[PDB]
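Remarks on the structure that follows.
Protein chains get the first letters and strands the later ones, always in sequence-line order, with residue 1 at the start of each.
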Amino acid sequence: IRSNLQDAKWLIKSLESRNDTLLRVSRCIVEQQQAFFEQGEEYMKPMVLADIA
Amino acid sequence: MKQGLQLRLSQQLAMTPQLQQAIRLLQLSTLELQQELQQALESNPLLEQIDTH
Amino acid sequence: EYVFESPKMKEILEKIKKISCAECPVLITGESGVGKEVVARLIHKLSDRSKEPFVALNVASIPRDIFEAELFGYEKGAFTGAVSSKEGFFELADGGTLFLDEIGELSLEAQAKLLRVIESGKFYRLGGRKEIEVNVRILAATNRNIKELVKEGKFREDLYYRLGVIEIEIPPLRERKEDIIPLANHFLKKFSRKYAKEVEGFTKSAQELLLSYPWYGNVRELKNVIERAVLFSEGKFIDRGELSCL
Amino acid sequence: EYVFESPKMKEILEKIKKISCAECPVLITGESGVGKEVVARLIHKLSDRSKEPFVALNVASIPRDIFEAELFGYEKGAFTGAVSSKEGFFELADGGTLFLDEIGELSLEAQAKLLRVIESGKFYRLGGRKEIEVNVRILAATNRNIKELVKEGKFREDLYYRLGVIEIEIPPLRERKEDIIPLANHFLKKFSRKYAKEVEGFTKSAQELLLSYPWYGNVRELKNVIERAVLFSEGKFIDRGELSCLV
Amino acid sequence: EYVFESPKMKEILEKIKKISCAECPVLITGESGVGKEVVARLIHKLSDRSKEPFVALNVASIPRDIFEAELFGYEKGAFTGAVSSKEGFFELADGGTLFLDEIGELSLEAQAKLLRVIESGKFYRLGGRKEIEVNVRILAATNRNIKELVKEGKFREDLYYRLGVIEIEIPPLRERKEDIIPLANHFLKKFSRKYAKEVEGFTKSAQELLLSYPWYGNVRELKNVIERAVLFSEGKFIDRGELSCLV
Amino acid sequence: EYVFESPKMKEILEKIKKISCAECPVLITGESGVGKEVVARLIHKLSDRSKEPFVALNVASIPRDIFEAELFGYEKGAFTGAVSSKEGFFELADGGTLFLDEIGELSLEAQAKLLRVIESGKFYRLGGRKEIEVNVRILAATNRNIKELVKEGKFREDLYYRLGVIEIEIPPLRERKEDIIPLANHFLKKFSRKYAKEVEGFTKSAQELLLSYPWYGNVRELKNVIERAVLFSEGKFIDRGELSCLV
Amino acid sequence: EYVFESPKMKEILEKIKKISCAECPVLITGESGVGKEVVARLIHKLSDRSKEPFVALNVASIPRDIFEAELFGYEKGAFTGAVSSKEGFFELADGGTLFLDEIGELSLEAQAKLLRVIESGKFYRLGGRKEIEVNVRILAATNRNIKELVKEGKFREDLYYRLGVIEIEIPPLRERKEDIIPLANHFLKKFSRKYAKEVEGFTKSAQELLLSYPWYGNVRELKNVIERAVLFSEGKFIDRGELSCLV
Amino acid sequence: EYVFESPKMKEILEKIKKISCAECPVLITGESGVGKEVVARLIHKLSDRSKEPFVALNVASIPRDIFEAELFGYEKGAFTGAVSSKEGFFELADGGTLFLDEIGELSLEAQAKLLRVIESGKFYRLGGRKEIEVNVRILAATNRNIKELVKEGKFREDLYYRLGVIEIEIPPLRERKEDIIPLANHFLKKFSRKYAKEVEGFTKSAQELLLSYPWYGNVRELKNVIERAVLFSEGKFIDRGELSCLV
Ligand SMILES: Nc1ncnc2c1ncn2[C@@H]1O[C@H](COP(=O)(O)OP(=O)(O)OP(=O)(O)O)[C@@H](O)[C@H]1O
Ligand SMILES: Nc1ncnc2c1ncn2[C@@H]1O[C@H](COP(=O)(O)OP(=O)(O)OP(=O)(O)O)[C@@H](O)[C@H]1O
Ligand SMILES: Nc1ncnc2c1ncn2[C@@H]1O[C@H](COP(=O)(O)OP(=O)(O)OP(=O)(O)O)[C@@H](O)[C@H]1O
Ligand SMILES: Nc1ncnc2c1ncn2[C@@H]1O[C@H](COP(=O)(O)OP(=O)(O)OP(=O)(O)O)[C@@H](O)[C@H]1O
Ligand SMILES: Nc1ncnc2c1ncn2[C@@H]1O[C@H](COP(=O)(O)OP(=O)(O)OP(=O)(O)O)[C@@H](O)[C@H]1O
Ligand SMILES: Nc1ncnc2c1ncn2[C@@H]1O[C@H](COP(=O)(O)OP(=O)(O)OP(=O)(O)O)[C@@H](O)[C@H]1O
Ligand SMILES: [Mg+2]
Ligand SMILES: [Mg+2]
């Protein structure tokens with residue numbers, strides 16, 4: 001019971017961390033490309049993984 | 001001075017990696033993540049998912 | 001599926017059957033290619049340990065400095081690099097059969113390490129303080145002459161009497177002349193089926209030629225010759241020409 | 001359970017009974033299969049430590065690079081990979097006896113790690129700064145001739161005198177003619193009971209054949225011969241023809 | 001592309017064609033420079049494993065003490081310094097071909113380790129308790145008379161019959177005088193293209209000198225001579241003077 | 001508790017009493033079983049630091065790979081597995097005496113690590129960055145001719161002159177003819193009290209045989225012979241027939 | 001910088017400049033001191049790899065037990081001691097030229113370990129499972145007649161045919177009767193420039209002694225003697241007395 | 001206080017005064033107990049860096065597997081168990097002097113690692129990234145013949161020629177006979193006051209043997225002899241009879 005409980009806790013923590021990371025990265029991406037959502041394309045900015053990282 | 005396979009008591013400085021665990025969950029999409037969660041639920045008796053039945 | 005037609009090779013089969021109720025170690029001797037592995041596996045099959053593991057170990061392929069670690073195992077912290085406990089081969093073959101193939105190529109230093117495990121079955125793991133007891137039947141096979149080696153002084157005397165409770169010696173193929181033709185037919189059928197050929201027998205000259213060659217590799221050499229003959233065969237009967245390799 | 005009938009094997013039993021109260025190390029010598037371990041366990045059983053551990057150790061199967069760790073143990077942090085304190089065979093056998101089997105196979109560099117522990121009984125664990133004292137009785141068995149090796153130079157002189165306080169030598173079976181027939185009958189009864197056969201005894205010709213064979217494996221070889229004879233028997237009396245392996 | 005013109009070479013080629021449907025071990029013998037590796041690679045190409053690995057291994061450059069670890073592999077805690085599991089060469093070439101080059105230099109102690117693997121195909125790693133089964137075809141090459149070594153006693157008899165299921169012997173260039181001029185022309189064209197010279201062929205006297213010479217290095221020596229002649233040539237034809245290395 | 005009736009042992013005792021005030025290292029040489037450890041402990045007891053630790057080490061039982069850690073200590077984090085700081089045998093014996101037993105069995109590479117601690121007494125730990133100074137008297141005992149070892153090149157010359165400031169050699173028991181009778185009686189009494197026997201002394205013939213026999217184990221062999229005589233004795237006096245068969 | 005004056009030296013220079021476009025292995029044979037290493041470095045300079053490393057290795061001086069590890073390198077965890085990866089000489093000289101000094105002194109067993117690498121150029125690092133491919137030009141130097149050595153059976157025939165594509169010989173000073181004076185003058189003026197000496201040239205008397213005195217160390221001993229004479233010089237001109245003092 | 005009363009030693013002292021100002025590594029040479037430590041400490045004392053730290057080190061006491069970690073330091077997390085960041089010896093002695101006793105015991109890898117920092121002058125910590133300058137004055141000493149070491153190959157030629165900028169070789173005491181008498185009295189006054197003895201001088205006969213005995217231990221052996229003579233002799237003067245046994 002104890003081993004399975006600790007494994008369950010670890011899995012739940014991993015899921016929470018994954019969701020938080022996804023939210024942070026998506027919010028940063030949206031913040032970087034702020035003129036796209038107001039005027040569509042022709043206003044994209046050139047960005048790579050290094051900028052978000 | 002020699003190249004052999006031996007068992008001995010030595011004093012050494014050891015390096016080791018610490019990354020690989022829980023990183024596979026980031027690349028998976030939502031559907032594959034749910035499938036893996038179901039597979040984890042099957043084997044762990046202490047994990048449950050919210051139901052409305 | 002095996003061939004036992006010679007008078008010498010049927011007394012051996014009867015003796016193998018008669019020792020089915022025993023658990024004493026067995027020592028098998030002969031030349032190369034006589035069928036020591038066949039006899040060992042037949043001994044294992046016709047006993048009460050039929051469903052138990054059969055661990056075949058080439059004792060000349062284990063490094064000198066990790067012999068004890070391989071044979072007995074070790075506990076955690078025994079040496080630098082022992083991160084977890086690991087069992088040996090005597091625990092792996094527990095309840096079954098351990099076949100120490102080619103025991104004659106073991107150095108005198110390595111012969112003194114398995115001197116107490118054969119008779120008692122009790123030992124200590126490397127870094128372990130509790131004593132482990134196992135139930136393993138030991139078969140050994142060699143192409144040397146262990147008695148002559150002991151007389152010379154390059155084989156330990158205390159190991160020969162621990163191993164040689166039952167001794168079986170397999171005669172060379174050049175003296176089991178009643179088995180040459182059945183073995184030839186068996187191998188011919190096998191190889192003709194495997195390679196999808198049309199050969200189904202030997203001529204009279206080929207049979208007379210197979211009954212006089214002094215087979216040095218014995219059954220293995222006979223098998224190789226039959227395989228070569230089948231691969232290069234053209235017609236439906238193997239003539240004397242195809243057996244010029246003799 | 002054991003057979004002691006010959007006159008030479010009764011003075012050995014009397015000596016064993018005489019040294020019951022002692023604690024000095026014992027050295028046992030003799031050919032292969034004469035009964036060295038039988039004598040060692042009999043010595044242990046007939047002493048005041050009869051309810052204490054009997055640690056039988058084959059000194060030929062201990063690697064030379066970890067030898068000191070096996071006999072003396074170590075403490076946590078002694079080396080890389082040492083995560084917990086572990087005891088040795090000298091501390092495991094405290095209060096009982098330690099039986100060094102085949103002591104003649106020990107290398108010269110491995111014989112120098114024992115000199116201070118055979119006599120004094122005090123040592124330090126690997127990485128330990130506290131002295132440890134144990135009470136262990138040391139029995140040693142070998143089939144070599146240590147007196148010859150010491151003069152030759154393959155055995156240390158200062159270890160032979162530490163180990164060799166009481167020396168017991170067991171004569172070969174070919175010089176124990178009064179033991180052959182009782183041992184043969186004892187083995188026959190044991191193996192006939194184990195294999196559920198219907199064998200009862202030997203024939204006079206077989207007995208005469210047994211008393212003339214110059215046994216080289218001694219009691220172990222006799223035991224193997226009797227087991228073979230029992231396994232392949234059909235009648236009630238074993239005949240000279242069945243013992244054809246001796247000739 | 002390679003040149004096979006002598007009747008013996010064509011017979012060897014036909015044998016290679018015939019044995020293309022089998023997976024038996026092959027043993028190649030000859031002198032130095034006859035083309036043993038060419039034959040081995042041709043056998044690999046014409047077989048069913050043409051797209052599979054061809055692991056060529058020089059068995060004389062493997063240290064004696066780590067011979068087992070190179071061919072079988074080891075687990076994580078096999079010995080001090082072992083950090084991770086690693087495969088051997090019998091598991092790296094699974095499903096393909098293993099070419100043991102210069103097998104005649106293997107010592108008997110090293111030869112004893114290759115007995116069961118060649119026939120059975122199953123083994124245990126160093127420190128592994130699970131039996132690994134592989135499917136590898138064995139080609140072996142040597143320039144020493146293996147039969148003479150076995151008769152003398154320098155080569156194990158248990159390995160010759162395991163390896164020598166099919167045996168191919170390549171004749172020396174001294175017995176392939178129908179194969180010399182095409183090889184000379186091939187090498188001449190190759191080196192003229194490589195070094196951008198202007199030579200085109202040999203004179204009649206040069207051809208006679210080439211054909212009359214008892215080559216001891218065989219094709220390798222012929223190639224070296226042709227390369228030197230091309231490098232030091234100045235004229236349109238390689239006359240008898242440029243071939244002054246030959247005696 | 002000890003017998004020093006022989007004139008040579010009297011002179012050695014006088015020399016021991018003469019150097020009580022000094023602190024220079026002492027080197028003790030002799031055969032096996034002559035009493036080197038007795039002399040070392042007497043030297044420690046007669047000195048001014050007699051109430052301080054007497055750390056006795058067997059330098060043949062310290063592993064080669066951790067010689068520096070067991071002799072100087074280490075700081076935490078010095079290597080993988082060094083979870084806490086430890087002291088060495090030089091700091092454990094600080095203010096007292098360090099005895100090195102069987103120093104002739106020390107490898108040539110391990111003798112270079114003692115060059116600066118013996119002379120000056122200052123060293124660094126493993127991973128430590130501050131100098132540690134200790135005051136330790138050093139005694140070394142060996143049963144080999146150390147000068148011959150230096151001449152033959154198996155012992156470092158720069159270490160012999162650091163150790164052998166004062167050299168004491170103990171004559172063998174073959175030359176201490178005056179000590180044979182007392183050392184026997186003493187031992188006799190001791191054993192006659194340990195096993196509760198009725199033995200009271202030797203006959204004149206037994207004393208003559210004791211004096212005649214050339215002892216090869218010296219006092220240790222004398223102890224063994226007397227203990228064997230006492231164990232099997234049945235009577236008030238020990239006769240020639242018992243120790244004669246013992247020797 | 002180097003001085004080539006003898007007609008044989010000019011012929012060797014022409015040969016070197018002619019084979020500048022080649023990549024074949026080169027063999028050099030001659031007595032010690034003739035300048036084989038200078039010839040090899042000149043060949044490297046004029047080749048297409050003038051901007052690439054020139055690795056020089058003395059194979060005879062490599063210890064046997066590690067001979068492979070120096071040449072091929074090893075992977076991590078290959079054996080007890082392979083804490084980190086390493087690269088061998090064949091991988092250091094990738095794209096450059098590898099010079100093998102004293103190739104004639106190589107053991108008969110070691111030569112068989114270099115058979116494939118010289119020809120194919122591919123190898124496996126000890127403990128590695130991927131094939132390493134390099135492009136290295138092989139220059140070799142020997143002090144003995146290699147053909148006679150092979151006929152003696154002391155040298156591998158296969159290695160000789162792999163190395164000997166283009167072979168060069170350098171006569172000693174006993175045949176080079178014309179370079180002695182220019183070499184002596186060049187050495188004298190170079191040492192005068194180095195030490196800022198007053199020396200300006202040799203007298204007529206001293207010149208004859210150099211031709212009279214036979215040379216065994218050849219250019220090396222000539223340079224050493226001239227440098228020592230320069231160190232002994234105290235005037236602007238040197239007479240025969242200073243030179244005759246050494247010999 | 002030290003004794004310098006020999007022209008060969010007085011000129012060495014003058015060279016010390018002419019070298020102490022320089023900032024280049026120095027290499028001392030001599031036999032055992034010639035005064036290398038004295039020379040190094042005098043060099044440090046007479047220089048402007050006298051107030052700066054003087055770190056003496058024994059390179060044979062540094063374990064191999066941690067050698068560089070002890071000599072250059074490491075940062076946090078460099079290896080498992082690294083609980084803190086520790087500086088090396090090059091950073092502990094910054095602006096002062098680093099003495100490396102017995103420089104002949106370094107392995108080839110250690111020599112290369114030391115030579116890298118000696119030449120370049122900068123190094124990186126084991127787990128660090130920033131670079132550190134040396135600002136270290138390096139002194140080395142040994143008793144082995146460095147020329148024989150480099151000729152054999154145990155010592156790197158580059159390291160020796162880099163350290164060979166300044167060389168000081170103390171002659172053996174057998175060549176400094178005029179210094180024998182002043183040394184002994186210097187010891188005689190030191191020990192006599194230390195042990196409260198009333199000995200004040202030697203006899204004329206005693207001094208004759210001092211100048212006639214070859215001193216293999218040089219100064220250390222003479223000091224040992226004087227200490228023994230002071231400790232044992234109890235007269236006003238030391239006579240040749242007392243020294244007869246010692247010498
Ligand atoms: N009686 C038989 N019937 C059929 N095949 C046989 C017989 N005897 C031997 N063989 C065949 O001969 C070949 C060689 O036999 P085996 O491996 O037992 O020989 P060995 O040299 O005694 O053994 P090893 O060296 O492996 O201990 C095998 O392929 C086996 O199948
Ligand atoms: N007196 C006896 N009575 C019964 N069996 C005996 C007797 N003496 C010896 N044996 C038998 O002899 C066999 C071998 O004896 P043992 O193990 O003592 O031999 P060893 O070679 O001297 O010993 P070890 O090598 O293990 O030190 C045992 O199976 C034992 O039962
Ligand atoms: N028939 C051929 N056509 C073209 N080239 C050939 C032919 N036979 C051999 N060669 C060439 O000869 C050279 C040497 O042959 P190879 O490498 O096969 O030698 P080998 O038999 O393995 O020699 P060794 O026993 O000395 O190792 C190779 O470069 C190969 O290309
Ligand atoms: N004068 C003496 N009086 C009593 N017993 C003595 C005397 N001299 C020596 N012994 C005994 O001699 C025995 C031999 O042991 P000891 O340690 O002295 O010998 P050793 O071989 O010189 O020592 P080691 O090799 O351990 O340094 C001891 O048990 C000691 O009691
Ligand atoms: N022709 C030359 N012109 C100028 N210097 C030369 C000439 N030949 C040799 N030397 C000098 O000879 C010196 C020693 O000879 P070198 O080591 O180059 O040749 P070697 O004796 O053949 O080789 P090795 O010493 O490597 O076995 C070199 O430093 C080089 O300057
Ligand atoms: N000039 C001197 N005057 C007086 N004493 C001296 C002199 N030189 C050396 N000593 C003595 O030398 C002793 C120590 O010797 P030192 O440390 O110089 O030896 P070493 O040459 O370094 O030895 P090793 O190379 O064997 O380690 C000291 O006791 C010191 O008094
Ligand atoms: Mg080849
Ligand atoms: Mg010094």
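Contact of E:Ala69 with chain G is made through the backbone alone, with heavy-atom distances under 4.5 Å. Contact annotation for G:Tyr160: neither backbone nor side-chain heavy atoms come within less than 4.5 Å of a heavy atom of chain E. With a threshold of 4.5 angstrom between heavy atoms, G:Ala110 does not approach chain E through any atom at all. Heavy atoms of G:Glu131 lying under 4.5 Å from chain E are absent altogether. Contacts between E:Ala56 and chain G at a heavy-atom distance below 4.5 Å involve backbone atoms as well as side-chain atoms. When heavy atoms are compared at a cutoff of 4.5 Å, E:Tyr74 approaches chain G solely by way of its side chain, counted from C-beta outward. Interface residue G:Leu126: backbone and side-chain heavy atoms are both found under 4.5 Å from chain E. Of the two parts of G:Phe72, only the side chain, counted from C-beta on, holds a non-hydrogen atom closer than 4.5 Å to a non-hydrogen atom of chain E. For G:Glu167, the part lying under 4.5 angstrom from a heavy atom of chain E is the side chain only. For E:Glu70, the parts sitting under 4.5 Å from any heavy atom of chain G are the backbone and the side chain alike. Residue G:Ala82: no heavy atom, backbone or side chain, is found under 4.5 Å from chain E.
With hydrogens and angles ignored, the 3.5 Å screen pairs no side-chain donor or acceptor of E:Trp215 with any backbone N or O of E:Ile180.
Heavy-atom neighbours of G:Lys223 NZ from other residues, nucleotides or ligands within 6.0 Å: above the threshold of 12.
Ion pair E:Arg220/E:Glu31 not flagged as a salt bridge, since none of the NZ, NE, NH1 or NH2 atoms sits closer than 4.0 Å to an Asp/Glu carboxylate oxygen. Salt bridge G:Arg137/G:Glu23: absent, no basic N to carboxylate O contact under 4.0 Å. Ion pairing between E:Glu91 and E:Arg125 holds under the 4.0 Å rule for side-chain N and carboxylate O.
Ranking E:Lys194, E:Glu221, E:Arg64 against chain G, the residue ahead of the rest is E:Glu221, based on heavy-atom pairs under 4.5 Å. Between chain G and the options E:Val83, E:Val55, E:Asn143, E:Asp101, heavy-atom pairs under 4.5 Å are most frequent for E:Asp101. Chain G forms more heavy-atom pairs under 4.5 Å with one residue of E:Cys245, E:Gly88, E:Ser84 than with any other, namely E:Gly88. For the set G:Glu157, G:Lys76, G:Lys18, G:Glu68, the entry with the most heavy-atom pairs within less than 4.5 Å of chain E is G:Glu68. The most heavy-atom pairs under 4.5 Å with chain E, out of G:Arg162, G:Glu109, G:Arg116, G:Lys113, come from G:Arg116.
Using bins of under 30°, 30° to 60° and over 60° for the plane-to-plane angle, the ring pair G:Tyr2/G:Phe4 lands in the tilted bin.
For the pair E:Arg228 and E:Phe191, the cation-pi test (distance below 6.0 Å, angle within 45°) is failed.
For E:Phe89 and G:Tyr124, the ring centers sit closer than 6.0 Å to each other.
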Salt bridge (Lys or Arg N to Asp or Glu O under 4.0 Å) for G:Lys10 and G:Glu14? Distances and angles first, verdict last. CA-CA 6 Å; G:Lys10 275 100 70 183; G:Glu14 176 67 18; over 6 Å; no
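For the residue pair G:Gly104 and G:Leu149, the shortest heavy atom distance occurs at O-CD2, 4.0 Å.
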